[PDB]
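1. Need a 3D model of the sequence below.
(2 chains)
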Amino acid sequence: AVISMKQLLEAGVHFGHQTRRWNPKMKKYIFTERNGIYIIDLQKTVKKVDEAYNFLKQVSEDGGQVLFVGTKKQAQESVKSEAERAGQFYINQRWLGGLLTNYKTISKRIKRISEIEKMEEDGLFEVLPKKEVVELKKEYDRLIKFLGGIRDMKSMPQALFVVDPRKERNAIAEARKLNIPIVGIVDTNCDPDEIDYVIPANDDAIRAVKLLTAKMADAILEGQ
RNA sequence: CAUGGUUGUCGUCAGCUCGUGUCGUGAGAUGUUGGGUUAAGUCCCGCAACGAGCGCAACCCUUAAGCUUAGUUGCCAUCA
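-> Residues are numbered from 1 along each chain as shown, chains lettered A, B, ... in the order given. See below for the structure:
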């Protein structure tokens, strides 16, 4: 559950953002400033972390899944790797506006993937007009790009893991509309009230994203 | 100038809309905007939009060249 402090300042977790870009609601979680950068208090960080850790093992033991998001490029592979580690579902590309609120139309497109995998094996990708061969292939690749990691999600996820709340604000709006708890990693200049389980950690360092989402992946691993 | 049916017209112009979702107290908006491109909301990239339908293509006829079948009532090369 707890992460050693040195594992954080080695991962750049203490790093925040410039004083220029600062949300004054982070003043509770900020510990002084270095080189004009608001250094997050690692103690507070760890504390908050080991509390979304117990909530997440609760979700995995109940049977719920966590929708990993983090379309940000620095979080892209970190989200993908640790979600499949836990058998959860991840988002790595453009968050489809209304994939949770408008699941009615998204459900057909999600099942379209498994449907598109079907015509290949039932033989109508073998008999096809020349342009339709690539046309239906193009429809596949678009869908794999977005609904690649959530193709097995059937209903609304019982939990959602946001890497950067400010970046993927479109996802948080859907979650709050359907009462979906969010575990989020806030660096600075982010709203700590738009999410419920707050991780005060750096959001740009490549290893910092990996280290915290792995512990959150460890949370599910100790629940299933 | 009660109408069915049929027709011109803008104009073969490329637009016209819908479902679910989202924003807006509301009329309304989005998608149908932006970066390019096309004869074409034609197509791509992105984007609170995700998908559709009537539209535009294509599909259908004729034409332009070729190959099989066919030899009359078509044709006339090898020959009289």
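2. I would like the residues contacting stretch A:74-86, please.
-> Stretch A:74-86 is contacted from outside by A:60, A:66, A:68-70, A:89-92, A:149, A:161, A:163-164, A:203-206, A:209-210, A:213-214, A:216-217, A:220-221, A:224, using CB atoms under 8 Å, 6 or more residues apart in numbering. C-betas here are computed from N, CA, C, even on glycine.
3. could you check whether it is close to RNA strand B?
-> No. If you take CB under 7 Å from any atom of the strand as the test, stretch A:74-86 misses RNA strand B, and the best it gets is 12.7 Å.
4. and that stretch, which residues are buried?
-> A:74, A:75, A:76, A:78, A:79, A:80, A:82, A:83, A:86 (16 or more other CB atoms under 10 Å).
5. of the contacts of stretch A:74-86, buried ones?
-> Looks like the contacts of stretch A:74-86 have A:60, A:66, A:68-70, A:89-92, A:149, A:161, A:163-164, A:203, A:205, A:209-210, A:213-214, A:216-217, A:220-221 buried, using 16+ other CB under 10 Å.
6. Which of the residues you listed fall within strands?
-> Judged by DSSP state E, the subset of those located in strands is A:66, A:68, A:89, A:90, A:161.
7. Now do the same contact list for the fourth one.
-> Same thing as residue A:90. Residue A:90 neighbours (CB under 8 Å, 6+ apart): A:67, A:68, A:69, A:70, A:79, A:80, A:83, A:84, A:149, A:150.
8. All good on my end, thank you.
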